Amino acid sequence: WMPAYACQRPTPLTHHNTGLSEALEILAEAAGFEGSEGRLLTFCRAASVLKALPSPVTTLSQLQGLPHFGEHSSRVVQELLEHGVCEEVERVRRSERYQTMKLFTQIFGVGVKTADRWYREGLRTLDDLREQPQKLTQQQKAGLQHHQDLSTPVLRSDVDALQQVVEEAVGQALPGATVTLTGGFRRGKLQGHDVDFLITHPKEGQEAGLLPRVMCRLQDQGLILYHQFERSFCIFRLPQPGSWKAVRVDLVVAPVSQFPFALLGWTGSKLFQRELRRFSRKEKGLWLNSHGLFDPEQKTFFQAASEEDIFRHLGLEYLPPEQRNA
DNA sequence: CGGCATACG
DNA sequence: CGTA
DNA sequence: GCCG
Ligand SMILES: [Mg+2]
Ligand code: NA
Ligand code: NA
């Protein structure tokens, strides 16, 4: 009965199989570090299936028939239920390769291919990277400079403060423009490692050129540590009592015709959105992105006024943001 | 066997 | 490549 | 790794 696509089932923020899903997500992460995006996707999908189950899995029998559970994912669950630990997962956890690849890829500006090159060159610590600044892009230098702050959870109080300063800059840049919180906080998370805002204006076209004006106004108030269009992946200098901390903020501008598509895309989760786009193309023959939904045979775009419109057109039961935690 | 989301900076 |  |  469990549907095969994550966009076909509700996934709440709090679920009953954290231990099993976290183990499968270790194996997914490790598959990514070794360049196997297909194995990463399967282990991610299997972990997500467990998040959608109504009760704890306590016996191997309860996996029968579940999508994305084959011999490998089932054996991991089996060893966790029988023994409380999966040897493969523990081997990965404790490996120098996994630990270093995790350390490096958590840096803003560094992905798997960069981290892997540095690993092969013998680098192992953040200090090692700092010792060779020539090997770093400007983005990576900013990621490393602010790494301690960026590893500190962002809280709702930070979000609310950031939304106010973004709203102030947006309103100074374009009267009538709006700011919508997206990302994990819109899904109900109480913490995050960044904050996402989606900006539009109710009159189509008025938002042209808006994001550079917003960034200038934020930079003039001393709020920007790093940036650099319609998407800006920033590091903000967020005031705190007596001080400040760096926070990752993403700002996105969309024309209002695209707003429901951008809201859907930027609200996530990442797996939910990959699965939704896969479902759209493979099951419905329609092409989905954060700008629109395209019928390639009629050569037309679907006009949506809400996220609900997008789900209904795809033949999917609507899921509110707090049920998209795939 | 081959696919695996789909953009922008 | 990196970001989402 | 799993599945169409
Ligand atoms: Mg973000
Ligand atoms: Na990174
Ligand atoms: Na986010």
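As a basis for the values below, the full set of heavy atoms in this structure was taken, side chains included, without hydrogen atoms, waters or symmetry mates. Protein chains get the first letters and strands the later ones, always in sequence-line order, with residue 1 at the start of each.
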Check your understanding: Which part of the nucleic acid, if any, lies within reach of A:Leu288 when heavy atoms closer than 4.0 Å are counted: base, sugar-phosphate only, or nothing?
Key -> sugar-phosphate

Check your understanding: Between A:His72 and D:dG1, does any side-chain N or O lie under 4.0 Å from OP1 or OP2?
Key -> yes

**Study point:** Sugar-phosphate, base or nothing in reach of A:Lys270, heavy atoms under 4.0 Å
**Key:** base

Point to revise | A:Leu211 CG - B:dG9 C1' separation (whole Å) | key: 11 Å

Review point. Could you state the CG-P distance from A:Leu271 to B:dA5, rounded to the nearest angstrom?
Key: 9 Å

Practice item. Starting from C1' on B:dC4, measure out to OH on A:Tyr5 and report it in whole angstrom. Key: 10 Å

Exercise for review: Pick base, sugar-phosphate or nothing for A:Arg39, based on heavy-atom distances below 4.0 Å to the nucleic acid.
Suggested key: base

Review point. D:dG1 phosphate, OP1 or OP2: any side-chain N/O from A:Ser36 under 4.0 angstrom?
Key: no

Review point. Does A:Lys282 place a side-chain N or O at less than 4.0 Å from the phosphate oxygens OP1/OP2 of D:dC3?
Key: no

Check your understanding: Between C:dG2 and A:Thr114, is there an OP1 or OP2 to side-chain N/O distance shorter than 4.0 Å?
Key -> yes

**Study point:** Counterpart residues, side chain to side chain contact (heavy atoms under 4.5 Å, CB included), relative to A:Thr178 (two or more places apart)
**Key:** A:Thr200

Exercise for review: Classify the nucleic acid contact of A:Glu275 as base, sugar-phosphate or nothing, counting any heavy atom under 4.0 Å across all strands shown.
Suggested key: nothing

Check your understanding: What is the distance from CG of A:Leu41 to P of B:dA5, rounded to the nearest Å?
Key -> 5 Å

Exercise for review: Provide the distance between the two P atoms, one in B:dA5 and one in D:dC3, to the nearest whole Å.
Suggested key: 15 Å

Practice item. Round to a whole Å and report the spacing from CZ of A:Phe279 to P of D:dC3. Key: 17 Å

Point to revise | Nucleotide of D:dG1, D:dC3, C:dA4 approaching A:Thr42 most closely (side-chain heavy atoms) | key: D:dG1

**Study point:** N/O (side chain, A:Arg281) to phosphate O (OP1/OP2, B:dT6) under 4.0 Å
**Key:** yes

Exercise for review: Report the distance from atom CZ of A:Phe233 to atom P of B:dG9, rounded to the nearest whole Å.
Suggested key: 7 Å

Study note, to complete from the structure: Correct closest heavy-atom pair for A:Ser21 and A:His15 would be OG-CE1, 3.4 Å

Check your understanding: Considering only side-chain heavy atoms of A:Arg274, which listed nucleotide, D:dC2, B:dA5, B:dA7, is closest?
Key -> B:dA5

Check your understanding: Given the side-chain rings of A:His72 and A:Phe43, with only the six-membered ring counted for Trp, is the space between their centroids under 6.0 Å?
Key -> yes

Review point. Under 4.0 angstrom, heavy atoms only, what part of the nucleic acid is A:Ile107 near: base, sugar-phosphate, or nothing?
Key: sugar-phosphate

Practice item. Determine, stepwise, if the pair A:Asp128 / A:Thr125 fulfils side-chain hydrogen bond (donor to acceptor under 3.5 Å, both in side chains). Key: CA-CA 5 Å; A:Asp128 292 333; A:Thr125 64; 3.1 Å; yes

Review point. Can you tell me if the side-chain N/O atoms of A:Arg278 get under 4.0 Å from OP1 or OP2 in B:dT6?
Key: no

Review point. How many Å lie between CG on A:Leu314 and P on B:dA5, as a whole number?
Key: 16 Å

Review point. From B:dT6, C:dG2, D:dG1, pick the nucleotide closest to the side chain of A:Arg45?
Key: D:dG1

Practice item. Classify the angle between the aromatic ring planes of A:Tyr318 and A:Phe311 as parallel (below 30°), tilted (30 to 60°) or perpendicular (above 60°). Key: perpendicular

Review point. Are A:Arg248 and A:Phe236 in a cation-pi contact, defined as NZ or CZ under 6.0 Å from the six-membered ring centre and within 45° of the axis?
Key: no

Point to revise | Interatomic distance where CD belongs to A:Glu37 and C1' belongs to D:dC3 [whole Å] | key: 18 Å

Review point. For B:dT6, does either OP1 or OP2 sit under 4.0 Å from a side-chain N or O belonging to A:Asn289?
Key: no

